[PDB]
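Okay, here we've got a single chain as structure tokens, the form deposited in one PDB entry, with questions on binding and movement later.
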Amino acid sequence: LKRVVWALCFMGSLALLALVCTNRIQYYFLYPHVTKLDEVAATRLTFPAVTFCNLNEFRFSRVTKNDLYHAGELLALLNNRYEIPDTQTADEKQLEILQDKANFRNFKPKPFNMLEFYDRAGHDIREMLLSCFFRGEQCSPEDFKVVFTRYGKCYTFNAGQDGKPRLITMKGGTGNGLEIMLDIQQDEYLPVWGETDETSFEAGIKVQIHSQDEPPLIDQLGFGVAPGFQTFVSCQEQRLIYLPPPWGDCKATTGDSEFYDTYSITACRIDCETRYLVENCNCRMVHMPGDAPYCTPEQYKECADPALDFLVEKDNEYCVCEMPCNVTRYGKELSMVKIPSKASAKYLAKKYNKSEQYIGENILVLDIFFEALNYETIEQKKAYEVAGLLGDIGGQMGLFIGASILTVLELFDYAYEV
């Protein structure tokens, strides 16, 4: 009778060992991870890269007759027949100027390049930048690097490219960061006389705070800043460490692109777009990097734009961009105050030779800074390693039947002898 109770106890114990062991094994092959959040104080923080664009792509006073000829349809200033659209709400002077530039009688077309057009007709930072301050000391427009995006000629402060060393901040708070007073030059905006898809009613700038290791993607990752306010941006540096397969989904390999030195998801997207447009239309857009020839406005109309839209719509499988394992993100909180005060309106108007109306509707102040001298870390950590797996299997294997790998080897010994 005792051998029966022993047989039942050994059988049930071996069954429990079976299901528990297969449980821990399956849990290991899920490759599970859990997250470790930490806050690290630092004596210094590397200030990020700040890219800003004017919402107006190009200045009206800088557009020329040749520009209307080649890119008149693309710039939406002229209709398909090289004639001005509906004149509703058209200033007499502006409409006469445009009508004069669109005469096109005995006109010899000069050579035209999209990057030349954006570079000269775009808003000059030397005119927009009314004042610059970093850590309380003056900055020059030479700190701003020209970057071409979908919005046109844009500028990146502290880009850290072309061998310039990146700036640091040793104190947090509103004073100890970037602080620029900009004039968005609303007088230079393209007149809107007729409704169009490209017609926009916004006035202000668009800013993206990003690491120097990634290029700007201002059309998607930027936030707007409106004239007439001083906007504060409190930043919190975040350092992210992800896990590669089979734990998570990250880009383990450096994967350097021909266009960009360091791999980033932004660089992967704009690289994918660049390759697609170069293959499909044999030309490259203004914002894209490389050595390819830039598109002509005819190529823009008949190939480039429908090609990108078709790439977005047809299938995401062509452009699948994984996230790198080491990522520096910047968190940001926005707040506003009014500019200028009644005590300063006259002084600003006289300082920049403008009317107080103009100052009120054209001046914005951007204040970008770190809230405090610390950074957060978010790390994906492996939850079950092979040492822990063997430890649990050994513990339960020793608890239920008290056997070992040598014991199973001995049972296989008798099986081979049998």
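Residue positions are given as counts along the sequence shown, with the first one as 1. Basically, rigid core = biggest C-alpha set you can superpose within 1.5 Å across the two forms.
Peer 1: Please check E202 against the other PDB entries of this protein that were compared: is it missing in at least a third of those that model both its neighbours?
Peer 2: No: coordinates for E202 present in every compared entry.
Peer 1: Looking across the other entries that model both neighbours, is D256 missing in at least a third?
Peer 2: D256: unmodelled in a third or more of the comparison entries.
Peer 1: Tell me which stretch has the larger mean Cα B-factor in this entry, 367-375 or 63-71.
Peer 2: For C-alpha atoms only, the mean B-factor is higher in 63-71.
Peer 1: Using only C-alpha atoms and the B-factors in the entry, which stretch averages higher, 223-231 or 126-134?
Peer 2: The entry gives the higher C-alpha B-factor average to 126-134.
Peer 1: Going by the entry, which of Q238, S335, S341, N103 has the most elevated CA B factor?
Peer 2: Largest recorded C-alpha B-factor: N103.
Peer 1: Between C325, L167, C303, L178, which one tops the list for Cα B-factor in this entry?
Peer 2: Of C325, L167, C303, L178, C303 has the highest C-alpha B-factor.
Peer 1: Against its chain's modelled residues, does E214's Cα B factor rank lowest, middle or highest third?
Peer 2: Tercile = lowest for this residue's CA B-factor.
Peer 1: Within this chain's modelled residues, let me know which third the CA B factor of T149 belongs to: lowest, middle or highest.
Peer 2: It falls in the bottom third of the chain.
Peer 1: With respect to C-alpha B-factor, does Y242 fall in the lowest, middle or highest third of the chain as deposited?
Peer 2: Tercile = lowest for this residue's CA B-factor.
Peer 1: Could you place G172 in the lowest, middle or highest third of its chain by Cα temperature factor, using the values in the record?
Peer 2: Its C-alpha B-factor, which the entry lists for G172, ranks in the middle third among residues of this chain.
Peer 1: Would you check the entry's CA temperature factor for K206 and let me know if it's in the chain's lowest, middle or highest third?
Peer 2: Within its chain, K206 is a lowest-third residue by C-alpha B-factor, going by the deposited values.
One more form of this protein should be noted, the form deposited with a small molecule bound, which is absent from this view; the next part is about it.
Peer 1: Just one of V225, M114, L182, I218 has a heavy atom within 4.5 angstroms of the small molecule in the entry with it bound, so which one?
Peer 2: The residue in contact is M114.
Peer 1: Of the residues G248, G160, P191, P289, which one places a heavy atom within 4.5 Å of the small molecule in the entry with it bound?
Peer 2: The option sitting close enough to the partner is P191.
Peer 1: Given that the partner is absent here, state which listed stretch (67-75, 137-145, 168-176, 93-101) has heavy atoms within 4.5 Å of the small molecule in the entry with it bound.
Peer 2: Single hit among the candidates: 67-75.
Peer 1: Even though the small molecule is not shown here, does it sit in the entry with it bound so that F52, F60 and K206 each have a heavy atom within 4.5 Å?
Peer 2: Heavy-atom distance to the small molecule in the entry with it bound: none of the three under 4.5 Å.
Peer 1: Answer with yes or no whether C295 is in contact with the small molecule in the entry with it bound, where contact means some heavy atom within 4.5 Å.
Peer 2: Yes, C295 lies within 4.5 Å of the small molecule in the entry with it bound.
Peer 1: Is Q88 near the small molecule? Define near as a heavy atom within 4.5 Å, in the entry with it bound.
Peer 2: The answer is no: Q88 has no heavy atom within 4.5 Å of the small molecule.
Peer 1: Would you classify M285 as touching the small molecule in the entry with it bound, given a 4.5 Å non-hydrogen atom cut-off?
Peer 2: Result yes; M285 sits at the interface with the small molecule in the entry with it bound.
Peer 1: Using heavy atoms and a 4.5 Å limit, would one call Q238 a contact residue for the small molecule in the entry with it bound?
Peer 2: Looking in the entry with it bound, residue contacts with the small molecule do not include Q238, since no heavy atom lies within 4.5 Å.
Peer 1: With the rigid core superposed, which of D249, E298, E333, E195 has its C-alpha shift by 2 Å or more between the shown form and the other one?
Peer 2: With the rigid core fitted, the residue that moves is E195.
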